[PDB]
Amino acid sequence: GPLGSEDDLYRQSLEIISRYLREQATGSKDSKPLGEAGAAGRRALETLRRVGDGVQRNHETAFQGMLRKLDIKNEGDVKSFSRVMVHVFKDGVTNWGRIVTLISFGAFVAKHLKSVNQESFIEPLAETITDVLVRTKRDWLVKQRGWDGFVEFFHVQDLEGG
Amino acid sequence: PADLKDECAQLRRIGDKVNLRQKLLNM
């Protein structure tokens with residue numbers, strides 16, 4: 001799109017992230033096997049749910065804090081996330097662990113968004129998250145084979161214990 | 001509004017801590 005063909009990786013990301021938030025919003029592993037994202041989407045979903053939730057487990061208090069600051073209510077919610085998104089990557093550290101954290105937070109919001117019956121915004125939320133991400137770090141994703149490298153580096157579990 | 005500075009600051013650090021842990025976790 002804007003620069004080259006980053007939309008290829010975007011297709012997967014948009015769906016993979018959505019599947020994660022949809023699964024987190026329900027709290028049940030009901031999300032159907034995404035075929036749109038391909039095999040990488042399957043591998044990523046496994047990782048995304050385990051690692052994404054892990055981010056919440058150790059610092060949920062932080063997500064709860066930001067959740068109360070995020071003016072999520074109207075369509076402006078997608079702009080609200082963009083506001084924090086731009087600031088989160090201001091120091092330039094795009095390290096893989098940070099991306100998973102962005103999704104982690106967005107999904108945490110999606111969970112409460114589901115309980116407040118504002119699911120009409122959770123759907124475009126993942127889309128807003130993935131779009132901005134891919135348009136600003138198209139090269140970054142490519143460097144780690146997109147979700148393929150993400151899964152390879154995060155599919156493994158802790159070895160230290162905790 | 002501007003108080004989001006401290007909020008996003010956390011999100012950044014939480015992301016770094018994940019990458020940090022998983023990095024040594026592997027190698």
# chains A, B, ... in the order shown; residues from 1 in each chain; ligands from 1
>>> interface_residues(of="chain A", to="chain B", cutoff="9 Å", atoms="only C-alpha atoms", output="ChimeraX atom specification")
/A:51,54-55,58-59,62-63,65-66,69-70,84-85,87-89,91,93,95-102,105,153-154,156-160
>>> residues_around(residues="residue A:19", least_positions_apart="4", cutoff="12 Å", atoms="only C-alpha atoms", output="compact mmCIF listing (two decimals) with N, CA and C atoms, in the first residue's frame")
# COMPACT_ATOMS: atom_id res chain seq x y z
N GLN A 12 -2.55 -11.18 7.62
CA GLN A 12 -2.40 -12.16 8.69
C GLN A 12 -2.55 -11.48 10.04
N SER A 13 -1.78 -10.42 10.24
CA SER A 13 -1.78 -9.67 11.50
C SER A 13 -3.18 -9.24 11.91
N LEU A 14 -3.92 -8.65 10.97
CA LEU A 14 -5.27 -8.17 11.23
C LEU A 14 -6.16 -9.29 11.74
N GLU A 15 -6.08 -10.45 11.11
CA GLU A 15 -6.90 -11.59 11.51
C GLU A 15 -6.38 -12.27 12.77
N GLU A 23 -11.02 -14.16 21.40
CA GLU A 23 -10.87 -15.28 22.32
C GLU A 23 -10.73 -14.77 23.75
N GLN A 24 -10.06 -13.64 23.90
CA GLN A 24 -9.87 -13.03 25.21
C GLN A 24 -11.14 -12.35 25.70
N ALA A 25 -11.88 -11.76 24.78
CA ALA A 25 -13.12 -11.07 25.12
C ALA A 25 -14.16 -12.05 25.66
N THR A 26 -14.18 -13.24 25.10
CA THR A 26 -15.12 -14.27 25.54
C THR A 26 -14.58 -14.98 26.77
N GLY A 27 -13.26 -15.13 26.82
CA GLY A 27 -12.62 -15.80 27.93
C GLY A 27 -12.60 -17.29 27.71
N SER A 28 -13.05 -17.70 26.53
CA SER A 28 -13.11 -19.09 26.16
C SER A 28 -12.40 -19.28 24.83
N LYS A 29 -11.72 -20.40 24.67
CA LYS A 29 -11.00 -20.69 23.43
C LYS A 29 -12.02 -21.17 22.39
N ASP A 30 -12.89 -20.25 21.98
CA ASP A 30 -13.94 -20.56 21.02
C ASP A 30 -13.55 -20.11 19.61
N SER A 31 -12.57 -19.21 19.51
CA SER A 31 -12.11 -18.70 18.22
C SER A 31 -11.85 -19.82 17.22
N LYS A 32 -12.50 -19.71 16.07
CA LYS A 32 -12.38 -20.70 15.00
C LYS A 32 -11.01 -20.63 14.35
N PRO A 33 -10.52 -21.77 13.83
CA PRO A 33 -9.22 -21.86 13.17
C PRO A 33 -9.11 -20.93 11.96
N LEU A 34 -8.45 -19.80 12.16
CA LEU A 34 -8.24 -18.80 11.12
C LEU A 34 -7.51 -19.41 9.93
N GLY A 35 -8.12 -19.29 8.76
CA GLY A 35 -7.51 -19.83 7.56
C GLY A 35 -6.95 -18.73 6.70
N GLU A 36 -7.47 -17.53 6.93
CA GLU A 36 -7.08 -16.33 6.22
C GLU A 36 -5.61 -16.00 6.45
N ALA A 37 -5.15 -16.14 7.69
CA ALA A 37 -3.77 -15.85 8.04
C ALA A 37 -2.84 -17.01 7.69
N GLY A 41 -0.76 -18.04 11.13
CA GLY A 41 -1.80 -17.53 12.01
C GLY A 41 -2.12 -18.50 13.12
N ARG A 42 -2.02 -19.78 12.81
CA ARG A 42 -2.28 -20.84 13.78
C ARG A 42 -1.20 -20.82 14.84
N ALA A 44 0.88 -18.44 15.46
CA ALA A 44 0.86 -17.16 16.14
C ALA A 44 -0.24 -17.09 17.18
N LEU A 45 -1.40 -17.65 16.88
CA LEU A 45 -2.52 -17.63 17.83
C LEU A 45 -2.13 -18.34 19.12
N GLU A 46 -1.46 -19.48 18.99
CA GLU A 46 -1.01 -20.26 20.15
C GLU A 46 -0.12 -19.40 21.03
N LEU A 48 0.33 -16.01 20.77
CA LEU A 48 -0.35 -14.78 21.11
C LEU A 48 -1.21 -14.94 22.37
N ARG A 49 -1.92 -16.06 22.49
CA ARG A 49 -2.77 -16.28 23.66
C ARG A 49 -1.94 -16.56 24.91
N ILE A 103 -0.60 -5.70 21.94
CA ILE A 103 -1.75 -6.56 21.70
C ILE A 103 -2.34 -7.00 23.03
N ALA A 107 -6.09 -6.23 24.06
CA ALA A 107 -6.95 -7.37 24.34
C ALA A 107 -7.56 -7.26 25.73
N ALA A 110 -10.32 -5.02 25.37
CA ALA A 110 -11.35 -5.75 24.65
C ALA A 110 -12.19 -6.61 25.59
N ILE A 122 -14.49 -3.61 19.43
CA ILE A 122 -13.38 -4.56 19.59
C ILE A 122 -12.94 -5.08 18.22
N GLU A 123 -13.92 -5.34 17.36
CA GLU A 123 -13.64 -5.82 16.00
C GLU A 123 -12.69 -4.87 15.26
N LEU A 125 -10.94 -2.57 16.54
CA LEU A 125 -9.82 -2.24 17.42
C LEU A 125 -8.56 -2.97 16.95
N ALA A 126 -8.64 -4.30 16.85
CA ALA A 126 -7.51 -5.11 16.39
C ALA A 126 -7.04 -4.62 15.03
N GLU A 127 -8.00 -4.23 14.20
CA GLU A 127 -7.73 -3.72 12.86
C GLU A 127 -6.94 -2.42 12.93
>>> atom_distance(atom1="atom CA of residue A:116", atom2="atom CA of residue A:57")
21.9 Å
>>> atom_distance(atom1="atom CA of residue A:104", atom2="atom CA of residue A:56")
6.6 Å
>>> residues_around(residues="residue A:136", least_positions_apart="5", cutoff="12 Å", atoms="only C-alpha atoms", output="ChimeraX atom specification")
/A:1-3,6,10,82,85-86,89-90,92,94,129-131,141
>>> atom_distance(atom1="atom CA of residue A:68", atom2="atom CA of residue A:109")
9.7 Å
>>> residues_around(residues="residue A:78", least_positions_apart="5", cutoff="8 Å", atoms="only C-alpha atoms", output="PyMOL selection string")
chain A and resi 72+124-125+128
>>> select_by_dssp(residues="stretch 5-148 of chain A", states="helix (DSSP H, G or I)", output="number ranges by chain")
A: 7-26, 39-69, 77-88, 96-115, 119-136, 138-143, 147-148
